[PDB]
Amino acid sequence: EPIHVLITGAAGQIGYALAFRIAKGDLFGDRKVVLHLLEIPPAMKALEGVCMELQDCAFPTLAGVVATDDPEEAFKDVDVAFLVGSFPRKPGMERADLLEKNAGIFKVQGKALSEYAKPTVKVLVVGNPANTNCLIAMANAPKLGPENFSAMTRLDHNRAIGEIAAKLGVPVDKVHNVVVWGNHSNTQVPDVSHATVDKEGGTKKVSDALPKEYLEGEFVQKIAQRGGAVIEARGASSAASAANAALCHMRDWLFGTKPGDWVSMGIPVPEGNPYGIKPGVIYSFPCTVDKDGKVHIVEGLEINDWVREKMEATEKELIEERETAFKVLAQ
């Protein structure tokens, strides 16, 4: 039977990019897909245009399209959900205002997931602020659990890979064990202190190839500021690269990661995590995923004082956003 995949904000730049890749088989391969596309009413005219284009692609893997502005219809029997839709950042809008505006959206979508989606639904939150939006959706999804939710830091992760590969002058598939800790924000911790690069014989630690000043300074600022830089250049969002990251995240989450491969995923903090992060937020960790689709935090990593401090700062921000989010929802 076909798999039911939801994309919210489907008429937007990320939704658009994601829809055609999923429709043509990039996510589930040969398995047929029924795309659920959710928009708000003012975007429905454009969304029907997207549906026309999908038909005009003649992709055999696309078994059906459900375009709607009704959450009950959008979330019904969904197996996979990309929560991309969110209020647009107008000129001059601050992060704090965006948090408040989106809080209500993810409360509604959390409830809709709980009541309408399959109990096994895998929910990836892309819309910003991703970690906190994910927290809100999960908080309002009583029929679901922590295993159903994650927030996307995979674009931060892919950015780190691309940049370190270029710095080292190696192809991207020769870089391993990169990590982005914490929040999808400027307090994210791009951490290559565990990363390795393939040489002729075996591997080489990235920290042995490059100086500390770069790895903990310039590199960090480069990745943390990359989203703003793309926006500045294009005068638009990082659509294709974000859609790509979302697919990579979901693919690894659904089918598992290869041995040795780490992927950064914002996940509910378990009390047993070995890095001292307190439960109660969505926090990006280095993860593996087994063939059952179960996420496992990578253990046994030595955290230096610099990484430790950065990890603490981003946790503190995540806690702040939560409290800010809970207060606005309380009304």
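Sequential numbering from 1, following the sequence displayed.
- A summary of the deposited B-factors shows that, of 176-184 and 214-222, the stretch with the larger mean C-alpha value is 214-222.
- Set 155-163 against 90-98 and average the Cα temperature factors; 90-98 ends up higher.
- Of the candidates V78, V206, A112, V230, the one whose C-alpha carries the top B factor in the deposited record is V206.
- Among the modelled residues of its chain, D191 has a C-alpha B-factor that falls in the middle third, as given in the PDB entry.
- Ranked within its chain, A139 lands in the middle third, by CA B factor from the PDB record.
- Per the PDB record, residue ranking by Cα B-factor puts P42 in the highest third of the chain.
- Among all modelled residues in this chain, the alpha-carbon of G266 has a temperature factor (C-alpha) in the lowest third.
- The entry lists a Cα temperature factor for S238 that places it in the middle third of the chain's modelled residues.
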